[PDB]
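Understanding the architecture of this molecule
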Amino acid sequence: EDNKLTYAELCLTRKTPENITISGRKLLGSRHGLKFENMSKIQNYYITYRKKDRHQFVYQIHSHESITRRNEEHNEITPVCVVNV
């Protein structure tokens, strides 16, 4: 829905972590509907977005471990609904 997302399905030709992130970055750079303004606990790949000044955001897929690592290194990358690859 507008607020919460049920589930996301990604379909590729090969299942590798680098290809998953590349596909998530490329497929989520076109014209989209909303900004995924919600939250859900995470525990494993997810679609995430970081905030950036003057209404700027990036849409790409990160693993939960990678989400934690990039939150530790860094504007937090708040994760949203799970992605099944």
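Residues numbered from 1 in each chain as written, not as in the entry; some residues may be left out. Part of a larger assembly, values for the part shown. Heavy atoms only, no water.

For this coordinate set, the PDB header names cryo-EM as the determination method and states a resolution of 3.3 Å.

1. So, the sheet that holds strand β4 (residues 77-84)
Strand order in the open sheet made by the four strands is β1-β4-β2-β3, with mixed pairing throughout. The outermost strands of the open sheet, each flanked by one partner alone, are β1 (8-9) and β3 (56-63). Strands β2 (45-52) and β3 of the sheet are contacted by helix α1 (residues 17-27), whose axis makes an angle of about 160° with β3. Contacts from helix α2 (residues 64-73) reach β2, β3 and β4, with the element oriented near 130° to β3. (Pairing = 2+ DSSP bridges. Helix = DSSP H or I, 4+ residues; strand = E, 2+ residues; numbered from the N terminus. Contact = heavy atoms within 4.5 Å. Axes fitted to C-alpha atoms, helices over the stretch in contact; angles between N-to-C directions.)

2. Brief notes about the side chain of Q60
Assignment of secondary structure puts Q60 in strand β3. Reaching out from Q60, the side chain makes a polar contact with the side chain of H62 at a distance of 3.4 Å. For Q60, the residues in contact, after removing those within four places along its chain, are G24, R25, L28, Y46, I47, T48, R50 and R70. (Polar contact = N/O pair within 3.5 Å; in protein donor to acceptor, adjacent residues only side chain to side chain.)

3. With respect to the pattern of salt bridges
Per the stated rule, a full pass over the model turns up one salt bridge. Two residues, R54 and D53, come together in a salt bridge whose shortest N-O distance is 2.8 Å. Residue classification places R54 among the exposed residues on the basis of a relative accessible area of 67%. (Salt bridge = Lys/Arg side-chain N within 4 Å of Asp/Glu carboxyl O. Buried < 20%, exposed > 50% of the residue type's maximum accessible area, 1.4 Å probe, protein only.)

4. With respect to the side chain of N38
Note that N38 resides in the loop between α1 and β2. Engagement of the side chain of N38 in a polar contact is seen with the backbone oxygen of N3, the distance being 3.0 Å. For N38, the residues in contact, after removing those within four places along its chain, are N3, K4, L5 and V80.

5. Observations concerning the state of the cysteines
Counting across every chain of the model gives zero disulfides. The thiol of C11 is unpaired, and the distance to the nearest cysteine sulfur, on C81, comes to 15 Å. Residue classification places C81 among the buried residues on the basis of a relative accessible area of 9%. (Disulfide = S-S within 2.5 Å.)

6. What to know about the pairing of β3
With eight bridges joining them, β2 and β3 adopt antiparallel strand pairing. Residue pairing across strands places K52 opposite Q56, the latter belonging to β3. In this antiparallel pair of consecutive strands, β2 and β3, the connection spans three residues, and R54 shows a positive phi of 60°.

7. Quick word on the pairing of β4
The element β4 is extensively covered by neighbouring structure, given that six of its eight residues are classed as buried. One ladder, built from two bridges, connects β1 with β4; its direction is parallel. The residue of β4 that forms the bridge with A8 is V83. Looking at chain direction, β2 and β4 are connected through four bridges and run antiparallel.

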